[PDB]
Structure formats: C-alpha cells, structure tokens
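J.: need a structure here:
(chains A and B, ligands or ions: 4)
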Amino acid sequence: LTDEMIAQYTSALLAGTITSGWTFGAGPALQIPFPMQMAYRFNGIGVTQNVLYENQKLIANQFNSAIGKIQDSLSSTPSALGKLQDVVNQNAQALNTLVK
Amino acid sequence: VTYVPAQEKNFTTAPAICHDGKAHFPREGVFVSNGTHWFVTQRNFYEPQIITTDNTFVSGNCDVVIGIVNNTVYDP
Ligand SMILES: *[C@@H]1O[C@H](CO)[C@@H](O[C@@H]2O[C@H](CO)[C@@H](O)[C@H](O)[C@H]2NC(C)=O)[C@H](O)[C@H]1NC(C)=O
Ligand SMILES: *[C@@H]1O[C@H](CO)[C@@H](O)[C@H](O)[C@H]1NC(C)=O
Ligand SMILES: *[C@@H]1O[C@H](CO)[C@@H](O)[C@H](O)[C@H]1NC(C)=O
Ligand SMILES: *[C@@H]1O[C@H](CO)[C@@H](O)[C@H](O)[C@H]1NC(C)=O
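T.: Numbers count the residues shown, from 1 in each chain, chains lettered A, B, ... in the order given. Ligands and ions are numbered 1, 2, ... in the order given. Below is the structure in question.
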C-alpha cells in the first residue's frame, strides 16, 4: 500500500465518524446532526443533555482553541516522535555492523 | 450471535419543544414528525407515541436553544 491509499482510508474513517457516529460500525450507516451526537455522548458519562444546549458557543470555542494549541505543541517541541526514529536507527545500525 | 438492523426511513427532527414558554426535553427518546404531527420514539426501533408529561422534563424558558418548535403537550 502506498501513502495516498492509507490517507484515503483515514479520510474515509473521518468522514464516516463525522456524518454518522457509532452506527456505521454495526450495519448500515445513519445520519444525524452533530450537536445531537454530542448531547448523546454527554449522556454517557452522567450529565443531562440540556447542559450542552445552553453552552454551545463556549464548547465550540474551546474545541477550536485546543486544536490550534495541539498544532503549536507538535511544532515546537523537537523530540516528540522518538519511537519511530529509534526503530529506524536500530535497523540501520544492525545493517552497518553486519556489513563491517 | 449478534443483532443487525435494516430497512431505514427518513424523518425530520428538532432538539426541543417550547410549550407555554418552557423547554421540554425527551427522557430516553427522540422527537420526530411525519407531517403535521410530532411523536417520540426509541433509537433502535420505530415506535411512535403521544407526548405527555411522563416522558419529558422541563428546564428554563424557550429562549436559549438554537432550533426549537411550537407544539402542544398532553396533560393527563
Ligand atoms: C403520519 O401522517 C399521516 C398523514 O400524513 C397521519 O395520518 C392521520 O393522522 C390523523 C391525525 O394525526 C389521524 O386522526 C388519522 O387517523 C391518521 N390516518 C389517516 C388515514 O388519516 C398520521 O397521524 C401521522 N403519524 C403516524 C404515526 O402515522
Ligand atoms: C432520504 O433522503 C435522502 C436525501 O435527503 C435521499 O437521498 C434518500 O433516498 C432518502 N431515503 C433514505 C432511506 O435515505
Ligand atoms: C438548518 O440549516 C438551514 C440552512 O442554512 C438554516 O437556514 C436553518 O436555520 C438551520 N436550522 C437550525 C440551525 O436549527
Ligand atoms: C411560537 O409562538 C409564539 C407565540 O405564541 C411566537 O411568538 C413564536 O414566534 C412562535 N415560535 C415558533 C418557532 O413557532
């Protein structure tokens, strides 16, 4: 599989979860507005749904700000992808030792 | 052994109902309509019912929600 195929798979999953919810994981997909999905997910932890319907803008703003801060946090700190780099370095070191 | 649903249909929905200046929310149902009447049903099976005071709870006045419709509620 090339890179664009995996990207397409990720896009498909994102679209499915945005437009349907958990319904498409078991059987046919069904459509529903996003705020209603958020209210249903609120009901799964122990909070009544009206709390969502009177604070929409605050939650939306917090969500957007969090996404932006995640972008900046990823950009700034340099050593955040250590595991994959370690794997690559280990393979290269083993091959170099074998060749020597 | 599993359970798989099928044979879906289209409907229209609203978040809440404003009656007498108060906001009415469902208990464990969803508000649906087919035309000039409104009902409440469960998510995983179609079963309409008439809206009474034993399947809704009241909170505030119908002025803060984005999207609310006028309709009557039966009083037993
Ligand atoms: C679905 O819509 C139909 C009409 O499009 C409704 O049918 C009538 O509704 C009135 C009042 O609600 C009843 O008195 C009649 O008995 C209904 N049937 C007929 C043949 O007139 C119907 O109520 C709506 N809702 C449902 C659940 O079917
Ligand atoms: C529901 O409406 C959509 C368009 O809004 C239409 O494409 C579809 O055929 C309708 N029926 C079902 C079962 O989705
Ligand atoms: C739904 O979307 C339509 C299309 O813009 C809009 O006119 C209407 O106000 C919306 N209803 C809501 C957000 O309750
Ligand atoms: C509901 O009714 C009131 C008056 O009873 C009216 O002022 C208001 O615009 C109506 N709203 C809707 C969504 O029908």
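J.: Three-state assignment for the residue nearest to the spatial centre of chain B, please.
T.: For chain B, the residue sitting closest to the mean C-alpha position, by Cα atoms, centre = their mean, is residue B:31 at 2.1 Å. Judged by DSSP: H, G, I helix; E, B strand; the rest coil, the three-state class of residue B:31 is strand.
J.: and what of residue A:29?
T.: At residue A:29, secondary structure determined by three-state DSSP is coil.
J.: what residues are up against it?
T.: A:16, A:19, A:20, A:23 (Cβ atoms under 8 Å, 6 or more residues apart in numbering or on different chains). C-beta: built from backbone N, CA, C; applies to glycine.
J.: mind checking how far residue A:82 is from residue A:21?
T.: 35 Å (Cβ to Cβ, to the nearest Å).
J.: Smallest gap between chain A and ligand 1, at which residue?
T.: Going by Cβ to the nearest ligand atom, ligand 1 is nearest to residue A:30 of chain A, at 19.5 Å.
J.: ok, that residue to residue A:75 distance?
T.: Noted for residue A:30: a distance of 38 Å to residue A:75, by Cβ to Cβ.
J.: Compare neighbour counts for the two and give me the winner.
T.: Shown here are residue A:30 and residue A:75; by other Cβ atoms under 10 Å in any protein chain shown, residue A:30 has more neighbours (13 against 9).
J.: Give me the neighbour count for the residue lying closest to that one once chain neighbours are set aside.
T.: Leaving aside its sequence neighbours, residue A:30 sits nearest to residue A:23 (Cβ to Cβ, 6 or more residues apart in numbering or on different chains; 4.6 Å). By other Cβ under 10 Å, 18 other residues sit near residue A:23.
J.: swap in the one 3 residues further on?
T.: Counted with other Cβ under 10 Å, the burial measure for residue A:26 works out to 10 neighbours.
J.: The residue positioned nearest the centre of chain A sits in which helix or strand?
T.: Among the residues of chain A, the one closest to the centroid is residue A:14, at 8.3 Å (Cα atoms, centre = their mean). Taking DSSP states H and E as the criterion, residue A:14 maps to helix A:3-19.
J.: Over to residue A:97?
T.: Element membership for residue A:97, per DSSP H and E: helix A:82-99.
J.: Return the distance of that helix from the chain's centre.
T.: Mean-position distance between helix A:82-99 and its chain equals 29 Å (Cα atoms, centre = their mean, to the nearest Å).
J.: Could you do stretch A:26-38 as well?
T.: Using Cα atoms, centre = their mean, the offset of stretch A:26-38 from its chain centre is 18 Å.
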